[PDB]
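This text opens with one protein chain seen in two forms, each one given by itself as structure tokens under the names structure 1 and structure 2.
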Structure 1
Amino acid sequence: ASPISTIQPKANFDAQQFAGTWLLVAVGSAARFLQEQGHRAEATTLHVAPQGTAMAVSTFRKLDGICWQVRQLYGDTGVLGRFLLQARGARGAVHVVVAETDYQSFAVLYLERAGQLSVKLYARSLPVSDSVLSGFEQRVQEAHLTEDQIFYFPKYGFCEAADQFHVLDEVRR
């Protein structure tokens, strides 16, 4: 089954207003990696730029103390608010949906691969309102995930940029 297909995308999703910088606040997921290495999370930043009906997305975060930039392309699936991170070899495709968001303070995104749903909360800046945090946890519960499957990411140590030697391009096939 596809849990993400039951998720309603942000009505009349406007990529123009969604563009810019987003700070990753938390992830709700049953992923084994997070359960075992979640307490090792790095401050993560997302930078979005509309590319037609698709969205170019760069993710910034440190690896071994060094700032990296990952370049991806959220492809247009034909449905407003729904995007596709195409599969690459044995790497399965990742479906994405921008659900709740006011474009100006927070965004709730869902990601799905192999039928497993993951939920992410982003914020334009910190601190995040109690209302948004509680709202996000409510969505995590509705996604059949427990409180022990919620991981809050660092609030400091973010990367503003990366040099040419630390840019991972996952756009060019």
Structure 2
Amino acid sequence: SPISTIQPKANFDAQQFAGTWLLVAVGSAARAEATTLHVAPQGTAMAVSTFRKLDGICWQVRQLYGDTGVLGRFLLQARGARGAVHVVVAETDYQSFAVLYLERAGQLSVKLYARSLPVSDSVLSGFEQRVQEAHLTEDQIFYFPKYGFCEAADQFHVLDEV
């Protein structure tokens, strides 16, 4: 459980974390992009919508980040075939960036989100420093497009995992 060694944002505040986040980069060993997150607090848990533009069409996936009893630590419960996904919001100033850790089947990934572009060089370097500390190489870092985002899908392109 590599993600259990990660400290969540102290006194994580869902209210300040709410809103829109843009995916900047992902560090993962896991073997059409431009992603956007819409976060809305639901008491203790967080309702999370993910939007991705594929071949011009915007798709939306509605999920629920369940409260795990530790502020800043969430759980995307397993969905039969889909293994459970542990989520941790580590570093974040709520106003410009967020570094999140995800774990599935014991495999840790690190994601960098921003409120708007461009992201500061300091945050980018910080993220890179966190990626190597998670035992991931520079070649396991994937930077997403700064163009191609979308944040609205019609009823025919919405997947509800809630």
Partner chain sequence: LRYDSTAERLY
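Sequence positions of structure 1, starting at 1, serve as the residue numbers. Each form is matched to the other, and the largest set of C-alpha atoms that superpose within 1.5 Å is called the rigid core. Residues that one form lacks are left out of the comparison.
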Worksheet item: So which is the form solved without its partner chain here, 1 or 2?
Response: 2
Item to complete: Indicate whether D64 shows a C-alpha shift of 2 Å or more between structures 1 and 2, with the rigid core used for the fit.
Response: yes
Worksheet, complete the sentence: Superposed on the core, the Cα displacement of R91 between structures 1 and 2 in Å comes to 1.4
Response to the item:
Superposed on the core, the Cα displacement of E160 between structures 1 and 2 in Å comes to 2.5
Item to complete: Spell out which consecutive segments of 3+ residues have Cα shifts of at least 2 angstroms at every position between structures 1 and 2, with the rigid core used for superposition.
Response: 63 to 65
